[PDB]
Each structure stands twice: as C-alpha cells, then as structure tokens.
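Taking it in order: structure first as structure tokens, then the write-up.
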Amino acid sequence: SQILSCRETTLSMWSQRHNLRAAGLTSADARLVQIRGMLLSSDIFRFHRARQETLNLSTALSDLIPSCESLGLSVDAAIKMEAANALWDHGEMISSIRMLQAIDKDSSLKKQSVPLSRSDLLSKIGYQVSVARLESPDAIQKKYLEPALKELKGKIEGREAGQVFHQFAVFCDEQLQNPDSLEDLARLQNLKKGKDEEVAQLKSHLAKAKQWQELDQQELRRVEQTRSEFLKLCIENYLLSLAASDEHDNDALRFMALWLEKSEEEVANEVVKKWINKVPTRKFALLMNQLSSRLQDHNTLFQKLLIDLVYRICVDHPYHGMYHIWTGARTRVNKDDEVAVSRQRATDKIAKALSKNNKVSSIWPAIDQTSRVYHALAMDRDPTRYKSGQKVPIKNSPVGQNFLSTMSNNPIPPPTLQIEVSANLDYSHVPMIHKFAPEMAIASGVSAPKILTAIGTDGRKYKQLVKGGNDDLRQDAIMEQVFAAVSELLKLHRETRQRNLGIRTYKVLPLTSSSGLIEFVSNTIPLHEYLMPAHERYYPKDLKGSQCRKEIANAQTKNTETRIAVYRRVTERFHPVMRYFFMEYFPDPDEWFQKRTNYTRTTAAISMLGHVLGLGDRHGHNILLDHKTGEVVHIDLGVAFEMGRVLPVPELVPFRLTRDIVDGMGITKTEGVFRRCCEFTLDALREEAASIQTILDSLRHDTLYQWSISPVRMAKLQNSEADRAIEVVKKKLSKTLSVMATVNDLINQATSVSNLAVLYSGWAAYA
Ligand SMILES: Nc1ncnc2c1ncn2[C@@H]1O[C@H](COP(=O)(O)OP(=O)(O)OP(O)(O)=S)[C@@H](O)[C@H]1O
Ligand SMILES: [Mg+2]
C-alpha cells in the first residue's frame, strides 16, 4: 500500500508539472500513463480485498475524465469499467450490471486508447447477470454469450478467447447439472412410464390415451434434445478453452469426468473426436491414473480416442506415462475374467506400439529393463542374507549383481524423482542415475524393505525404498495425488498463500500389484524415533514408551471407565518433550523461531486437510520431522475417507493432536498460530468445494480405487461407497457453522481425554 500510494502521487505530479518533462513528451502521454498506472494499482488492490482503496482509486480516476477528453484521449470505457468493478466488489450487483450495460450500449470500444474488447465486456456482463439471476438462462445465452463468441471473429487462441470459451463451457455445464431441470426430466420420465403402463392395461378411451402418450413423447424429445445441445457445447468449449490459454487448467479434470460419464453417448464422442487433437498433451499428463484405468480393446470410438490420447501422452511426456504402461502390461491383476482382458491387452498393444516409434525408442527399453530388475530386487527376500537393521553391500546376491549391471547399462532418471512437466517438451535437463552407493540398509519386517541410494549425474543422492510384499501402493499413490491437488487449490487465496500453507509431497511409484518405489524423504526423522529416546533422556524417572504401550494395551478389553483411568495414570508419569526438538537442532533464536513457526503452519494445514478427507492411520511412524526446515511430512496416506473408524478398535479423532504435537508449538499451546492457520485453511477449503468435488469425481471414475479397506490391510493395521464418502466430504465443507465454531469443535474432540483414552495402543496417544 505504501509503494502504490507513492507511485500514484508520482504519476500525478509528473502529469501536472509540464516544465519538468522532456521535449517530446506531450501532456496526453503523461495523462495516459497516469491512467494506466491507476488501473494497474486497482488490480493489485482488488486482490488484497482492500475495499476502500479501490473506491479511492476509482473515484480519482472518474475525476480525470473531463481533463482527459480535452487532451484528445478516449478513456471513458476503461474508467467506467473500473467503477463498475468497485460497485460489484462492495455488493451493489444491479448497479454494476446496469453500468456495464451502459458502457456496452453507448461507447465506441474500437476507437479508443486503453483498449477494451467487446467480447470481454459481453462475457463480463454475462457472468454478472448469471450470478445475480437477473435474467433467465435462456436470454443470458442469447444476448451475452453467443454474441461474445461471435465477437471473437474466428480467433481461437489467446487469453481473450480462453476467457470466453471457459465462460461458455461453465455456463452450459451449469445448465446440465441443474436441480430444476433434472427434476423436470425425472417428472416427464415417470409420466411417460405411467402412461405407457396404462396403455398396457387397456391393451375413444384408447384414442385419447395414446394421444396423451404421444404428446408426452414429444415433450420428452424436446427436453432431451435441449440437454444434448448443452452437452455438445459443454465438451467442445472445454476443449477449446484448454487449447487456447493456461489460465484454466482444471478444465482438464472437469472435461475428463464429463467425458467418461458419457462414454456411450455417440454425440459426445463425435465432438471429442473433432476437437481433441488441438489440446497440448501436457494438460492430461497428470491424469494417467484415471486414463490408463479405462483402457480396453473394444473397437468402439471411445476406445479409439482413449488409446490414441494415452499413446500421445506417453510419447510427448515419457517419464509421466511410461511407468503406467509398463505396470499395465506387467501387472496381471488376476487370471479370472474380471474385465482386465481389455485393460491388460490394450495396454500391451500400446506398449508394443511405443517400442516402435522414433521419439521414444531409447527410453522405453530402458524403463523396461530397469523396472524388471527393480521388481526382481524387491521380491527377493532372504532372512539370512538380509537381516533387519543391518547394512548389506548389494553385490552378494545374484539379484544384486544383475541389478547393478542392468542399471549401469541403461541410464534413466531416478524413478522416485519428481519431474515437472515441460511445455517445450525437453527432458534432457533431467538427472540420470550415475551409479549406486555400494551398500543398502534394511528395515524391520517380514519382507525386508531395502533402502537403496543412487548418486545421480548432477551429484545428488536419491534414496529409495524398494518395497515388496503384500501391500497396495496404488491406494497410497492415488491419495498422494489427491492431497497434492487440493494443496494446489490452497494457493489461490490470499490468506493461505500469504502463509505458504500447503503440504509436503513425495513420490510413490507402483511397479506391480506387490511392489513399488517410494521416495525416501531426504533429511527427516520419524516422529516416534525422535520421541521415544528423548522421553528417557530428558525425564529419566518417567515410564518408558514400551511400559506405557503395554499398560495401555492390557486394559483394552475393559470398560471405558477403566480405560480412561489407566490412561490418566499413564500420562501423569509421561511428560512431553517435543519442545526440545527446536532447541537442539536450531540453537540460534532467529532460526529457532522460524523453524517452530513453520512446524505449526505445516501441522495446521495437514490437520484441516486430513479432517476434510477423513485421513486416518496417523501414528508416529507415518509422520516425519524435517530437521532442516522444521516442517512435518505425512506419508502412507492410504486409509482415507473415514476407513479408520471401521477398524476393530476405531480411530475416533479427527487428526493427531496429542500432548507432544501440541508441546512442540510453544507457550501459547494451541491458540495463536495453530488456531488461526486452522481457520484460514478451513475457510479456503469450503470456498473451493466445487473444485474438491471435481477432484473426488475424477476419483469416482477410477475403476481400480477401492472405497473400502480390504481385510488384508485391516489385519495388517491392528495386529454406493463412493457416494457415501463423497457426501460426507461434501457435508464437512458446508457453510452452516462458522469456521471459528467448527475449529473449536475439532480441537475439542482431538485433545479430549475420553477420546484419546480409547484409541488403539499402537496409535501412541499417551505420547
Ligand atoms: N518415504 C519415506 N521417507 C522417509 N522415511 C520413510 C519413508 N517411508 C517410510 N519411512 C520410514 O521408514 C520406516 C518404514 O516402516 P513402515 O513399513 O512404513 O512402517 P513401520 O514403522 O516399519 O512398521 P509399521 O507397520 O508402520 S507399525 C519407518 O521408520 C518410517 O518412518
Ligand atoms: Mg509406513
């Protein structure tokens, strides 16, 4: 505000003082720059939601119109549009609409400086008239949206056309999913059914009955034809908006859901056939879990479009599609006939075509051979050759030496390195695997997870878990992708973006239905592995972690009164020590404070986002403490959507807020940074409930995502389902209660002793 106010004084004084200016700078030039600077200062002030400063600017701009008309300037339209924006941002919807309509009626938007296209004005009126319900959605399309597309004059590229096409597609989409229109179609459908049943009873009575029946049919044809036109315009404009600009890129997720719902309706497939080849494939690159799950060999038109799109994605962005094709052709999910012929065979045909073309031919074989040795190394468990906790050189097994040789002959980027999508299609700047460190660690389990290290070409170390056995990493990979998408939504609001509220991601890469390649997050330490030694180092007279766990597990088959009494007796001899994490890794006070502040913000963000998505299984081994930045990282995100309160001893807390987590906050225990960041996160989440619905809808058309926790993992954890889950998520984002009251309720039930006392003992709540 300080810089922008001083810049306003500067530009006005310079426009007033004629003797200070240079020779060839007339007063029209100084005025025009001044106006442009004011317009620039109004966009910035609108983002910050500073109402009084947009009001000041738009008033001071409107006062410059008389002086500007005498200098020979035509700046009425842009200045009146700035006034209309100030009105609309203060709540005057009708006054803003009337003002924009006046600009459009009597003004010459062509012959005037500070240009103003007529199609962005028309679409602006159309949007504001739809929000205010000022006209029926059949006149909005006839007066404002179709004239806009006609003013584009055949231009189908740029941000102007991008705005117009997204405007029109969102409009038509909104007209399809209309509760009134769906009720009317249902009413006409029941009418048709009942009248046909009545005609079936009787077979001038029949004559009039069948005349009424025919008129019902004509009405129903009219309604369905209206809905079909809306569908064509919706899909076509979504595709044209993706091909024009990059402002609207979650239109790829919405087009994809809309197209997989109408896979049979041949009119959608014709429109998609016509317009699909103009979208850059970098828009669909992150949707390969949903695209490769619908692959089938059926010879329809939907499949001839879907296979060609998947093929082009894997050719343009191979490190984003190749592993999905390999997994699809090397993961025999079952020998039984449960459609996977079509999925498993079609992926095999794409793989065969990939190893035939010139762009990707030094890349597919590399990924082929390397994945084969990674999977072989994963599956190889020997209790003698691999002892849990040791550090074995990977040259003594035959698997290890075949792995080393194969990886030396075939250079690829590290499989667990997160590669950003390249608009120019250049993946040469990506570090390849140079060599492997000679040894590999081993963790405790049955099928020993082995931690490899890879030294890349740029000289960095990429550690990896090579996880084998009887787990499902596709659950964890899908949920990691959903959490990353929602955290990307948080960047669009001023309060969460000012605080960098978001989550830390990692990379899960499923190779087969029994193995995968997890990224070992660089310089973290599990929360339980810090807290259990620290509790005995700082309080040598307290109980140990194992004595608390056993004491809590013994009273697991008793009445809630005895469980709560045992829990109070434990935690009276167990004091939190999480505050020492910030005093021994960061002894400098101005680093200590920034690290402690980052921990609170990263904890608050994942607490609210993990409540909205039902995230469970938040014990100490799934939470990592990054001791370079202080932030927390949540891994193992597969038990979501409330699958955790179905377990034998349910997890009935919204998130993890035990006494340690809270102790690592400070001396204002949960008030202050934690409570304010919970409220900013939850406030920005329930203003993006449409986008979160889109993301979960894309999840609904994923054949392979399981919405219940299979007893295999349910026994590994404690020693329509889509419609219910998405409905619960949708009612956690309801604006009925305020954010302050919602957060107060969550923090009450997350720290309650009667809730923490009846949790599973492996969920270390005493800690
Ligand atoms: N991506 C990762 N980055 C860093 N550390 C990880 C990562 N994945 C797992 N770990 C840690 O490495 C170990 C992996 O163990 P897991 O098999 O996930 O669970 P566990 O603690 O070994 O036993 P359970 O089944 O979780 S009770 C734990 O100490 C985790 O904290
Ligand atoms: Mg784990």
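Flag not set for residue 557, criterion: part of a loop (DSSP other than H, G, I, E, B), within 14 Å of ligand 1 (Cβ to nearest atom) and either out of contact with any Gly (no Cβ under 8 Å at 6 or more places or on another chain) or polar (S, T, N, Q) (or both).
Just one of (1) under 26 Å from residue 477 (Cβ atoms); (2) within 16 Å of ligand 1 (Cβ to nearest atom); (3) not in a strand (DSSP E or B) fails for residue 581. It is (1). Evaluated against (1) touching a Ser or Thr at 6+ places or on another chain (Cβ under 8 Å); (2) within 16 Å of ligand 2 (Cβ to nearest atom), residue 636 falls short on exactly one condition, (1). Just to be sure I understand, how many residues within the range 442-462 are within 16 Å of ligand 2 (Cβ to nearest atom) and either under 15 Å from residue 522 (Cβ atoms) or touching an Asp or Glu at 6+ places or on another chain (Cβ under 7 Å) (or both)? Adding up the residues that qualify gives 1.
Please tell me if residue 624 is within 21 Å of residue 496 (Cα to Cα), in contact with a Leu (Cβ under 8 Å, 6 or more places away or on another chain) and within 16 Å of ligand 1 (Cβ to nearest atom).
no
From the list 558, 541, 550, 595, the lone residue that is basic (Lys, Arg) and surrounded by 14 or more Cβ atoms within 10 Å (Cβ to Cβ) is 595. In the range 108-130, which residue that is out of contact with any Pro (no Cβ under 9 Å at 6 or more places or on another chain) and of a type in the set (S, T, N, Q) is surrounded by the most Cβ atoms within 10 Å (Cβ to Cβ)? Ranking the qualifying residues of the range 108-130, first place goes to 123. Each residue in the range 464-511 was checked for being within 15 Å of ligand 1 (Cβ to nearest atom), part of a loop (DSSP other than H, G, I, E, B) and not hydrophobic (A, V, I, L, M, F, W, C), and 8 of them qualify.
Taking the criterion of being of a type in the set (D, E, K, R), surrounded by fewer than 17 Cβ atoms within 10 Å (Cβ to Cβ) and within 25 Å of residue 175 (Cβ to Cβ), the residues of the range 131-160 that qualify are 133, 135, 138, 142, 143, 146, 150, 159.
Among the residues of the range 634-656, those identified as surrounded by fewer than 17 Cβ atoms within 10 Å (Cβ to Cβ) and part of a helix (DSSP H, G or I) are 645, 646.
Being within 21 Å of residue 420 (Cβ to Cβ), within 16 Å of ligand 2 (Cβ to nearest atom) and in a loop (DSSP other than H, G, I, E, B), is that true of even one residue in the range 512-528? Yes; the residues of the range 512-528 include at least one that is within 21 Å of residue 420 (Cβ to Cβ), within 16 Å of ligand 2 (Cβ to nearest atom) and in a loop (DSSP other than H, G, I, E, B).
The single condition from (1) surrounded by 17 or more Cβ atoms within 10 Å (Cβ to Cβ); (2) under 17 Å from the mean Cα position of the chain (by Cα) that residue 673 fails is (2).
So for the range 518-537 (the condition being more than 12 Å from ligand 1 (Cβ to nearest atom), of a type in the set (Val, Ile, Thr) and touching a strand residue (DSSP E or B) at 6+ places or on another chain (Cβ under 8 Å)), does at least one residue qualify? No: the range 518-537 contains no residue that is more than 12 Å from ligand 1 (Cβ to nearest atom), of a type in the set (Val, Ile, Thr) and touching a strand residue (DSSP E or B) at 6+ places or on another chain (Cβ under 8 Å).
Any residue at all in the range 213-220 that's under 34 Å from the mean Cα position of the chain (by Cα) and either outside any helix (DSSP H, G or I) or surrounded by 15 or more Cβ atoms within 10 Å (Cβ to Cβ) (or both)? Within the range 213-220 (the criterion being under 34 Å from the mean Cα position of the chain (by Cα) and either outside any helix (DSSP H, G or I) or surrounded by 15 or more Cβ atoms within 10 Å (Cβ to Cβ) (or both)), the answer is no, since none of the residues qualifies. Evaluated against (1) surrounded by 16 or more Cβ atoms within 10 Å (Cβ to Cβ); (2) out of contact with any strand residue (DSSP E or B) (no Cβ under 9 Å at 6 or more places or on another chain), residue 270 falls short on exactly one condition, (1). So which residues in the range 707-740 are under 15 Å from residue 614 (Cα atoms) and part of a helix (DSSP H, G or I)? 721, 722, 723, 724, 725, 726, 727, 728, 729, 730, 731, 732, listed by residue number. For first residues located in the range 400-411 and within 15 Å of residue 364 (Cβ to Cβ), partners that are in a helix (DSSP H, G or I) and acidic (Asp, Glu) and lie 6+ apart or on another chain with Cβ distances below 8 Å do not occur. Taking the range 388-443 as the region of interest, the strands (runs of 3 or more DSSP E) fully inside it that hold 2 or more residues being under 15 Å from residue 457 (Cβ atoms) are 433-436.
Among the conditions (1) in a helix (DSSP H, G or I); (2) within 23 Å of residue 735 (Cβ to Cβ); (3) among the aliphatic types (A, V, I, L, M), residue 615 misses just one, which is (1).
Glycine gets a Cβ as well: all are built from the backbone with ideal geometry, and neighbour counts include every protein chain shown. Taken together, the values in this text are just the output of simple stated rules run on the coordinates, not laboratory data.
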